[PDB]
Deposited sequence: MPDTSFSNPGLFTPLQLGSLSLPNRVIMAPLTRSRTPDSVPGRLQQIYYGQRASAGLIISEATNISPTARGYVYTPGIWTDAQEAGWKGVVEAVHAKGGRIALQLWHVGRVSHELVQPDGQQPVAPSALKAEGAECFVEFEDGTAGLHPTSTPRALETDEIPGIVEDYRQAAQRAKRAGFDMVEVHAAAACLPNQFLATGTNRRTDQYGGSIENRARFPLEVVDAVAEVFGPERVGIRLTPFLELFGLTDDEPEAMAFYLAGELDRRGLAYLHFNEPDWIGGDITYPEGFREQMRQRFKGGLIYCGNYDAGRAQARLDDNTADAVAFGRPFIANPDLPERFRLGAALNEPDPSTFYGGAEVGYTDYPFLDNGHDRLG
C-alpha cells in the first residue's frame, strides 16, 4: 500500500519517494555544454524521487533542436559531471535521457548540412523542429525528408548510444533512460507508419523492435540493466508518426525487457486513450518499475499506486513550476503556475526563478 513518500527500489537504485521529475527539454544550453545554470536548475529539484534529464543528443546528427545539450564530447561530459555532482550534493539521483531525433530534424540543424536519417525515407508531415537560421535568429521550421539508414549503418548508431552511455557512467549519472517516446529515431523503427523497411529492421513486430532492443542492450552493458530505463509512448501519434500495432508492440517489448531485468518502463500517456485492461496487462508482463506520466496530480498519482498499476509517477510541467513539488504534495500546498512562454530558450527567467514553499523557518 505505497504512498507518494514511500521509498521505492527502482532497479538497484533506492528512491526516497515516488514523485519523479519527467524529462523536460528547456533549450538553455546554447553551446550544448551544461553549466552552472544547470547545476542550479537541477539542484533545486534534487528532492525528486528521481530526476530524468532533458533529452540529450548522443551525436551531432542526433539533433533536431538547437540549444539542447549533448553527451558526445569531452567538454559536454565535464559540464554534465558538474551538474551530476550538484544533484548529488543536494541529495538527489539523476538519469540521463539518451536522444536521437531521427527524421524530426532539418539540414539547417544537422552538421555540414547533412540529410536527417530514419528507418524509411518518409517526411514527418506537419512536424516542426527548432532551428538557428544563418542570420543568427532561431525558430520553428518544417522538418525535411530523411534518408533511410543503410542496413550497415545501424551498428554505428547503436555505438553512438553505447558511447553516450559510457560518457554518462563516467560523469557520475545514476542511470540512463533510452528515449523512444516522441520525436526520436527508436520510436520511428517501432511504428508501422514510419518503418517500411524490408531488411531485418522492418516488417514484423520482432524486426521493428530489433534496433531499439540493441540500443537497450548496448546501454545495459555499460550501466547494467538494473540501472537502465526506457520511455515508450504506445497509442501516441505525434510528429506525424502513425502505428497500426501499438498494443502488440507494447506487449512484446514489455516481455523482452522484462527478461532482460530492466529497471523500468516509463509511459507518457495518451490524454486516443488506452484500452481497458492495458495497465493491468503491463503490470503482469513487466515485473520491474512502471512509471506513468501525463497530467498527474497528487490524487490521481495515488490512485495508480492503489491500483497496483504503477510503482511511481512522473510529473513534467508541475516540476518546471515547482522545484519542491514532492513537498507541496505532502502538505497539499498550492502549486506555482507554469509559464509556457519560458518553457524553451533564454536563461534564468522561468527556469531557476520559480520559488520554494516558505515554511516560516528556512533562511537564505
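Trainee: Could you sort out which parts of the deposited sequence are absent from the coordinates (no C-alpha) and give them as ranges from 1?
Mentor: Unobserved in coordinates, per deposited numbering: 1-7, 279-283, 377.
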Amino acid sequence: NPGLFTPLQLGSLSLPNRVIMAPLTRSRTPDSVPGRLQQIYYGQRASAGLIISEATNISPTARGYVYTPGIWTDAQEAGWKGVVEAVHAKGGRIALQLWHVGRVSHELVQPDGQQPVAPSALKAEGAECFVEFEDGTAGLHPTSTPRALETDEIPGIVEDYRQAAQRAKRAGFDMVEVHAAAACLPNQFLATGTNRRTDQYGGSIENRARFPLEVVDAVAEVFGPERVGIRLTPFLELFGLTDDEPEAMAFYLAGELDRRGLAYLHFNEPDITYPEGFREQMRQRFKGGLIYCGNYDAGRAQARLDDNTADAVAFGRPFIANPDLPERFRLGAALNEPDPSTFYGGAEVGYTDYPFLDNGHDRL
From here on, numbers count along this sequence of modelled residues.
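Trainee: Comparing 153-161 with 84-92, which has the greater mean CA B-factor as deposited?
Mentor: If you average the C-alpha B-factors of 153-161 and of 84-92, the larger mean comes out for 153-161.
Trainee: Between 286-294 and 189-197, which has the larger average Cα B-factor in the PDB entry?
Mentor: Averaged over C-alpha atoms, the B-factors run higher in 189-197.
Trainee: From the list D311, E327, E337, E54, select the residue with the highest C-alpha B factor recorded in the entry.
Mentor: The listed residue with the largest C-alpha B-factor is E337.
Trainee: Hey, out of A48, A333, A301, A62, whose CA B-factor is highest in the deposited coordinates?
Mentor: Answer for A48, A333, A301, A62: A333, with the highest C-alpha B-factor.
Trainee: Consider only the C-alpha atoms of the modelled residues in this chain, order them by B-factor as the entry records it, and name the third containing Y274: lowest, middle or highest.
Mentor: Top third by C-alpha B-factor.
Trainee: How does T233 rank on Cα B-factor within its chain, lowest, middle or highest third?
Mentor: Middle third of the chain for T233's C-alpha B-factor.
Trainee: Would you check the entry's CA temperature factor for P30 and let me know if it's in the chain's lowest, middle or highest third?
Mentor: Top third by C-alpha B-factor.
Trainee: Thinking about Cα B factors across the chain, which third does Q281 belong to?
Mentor: Tercile = highest for this residue's CA B-factor.
Trainee: What third of its chain's C-alpha B-factors does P119 belong to: lowest, middle or highest?
Mentor: It falls in the middle third of the chain.
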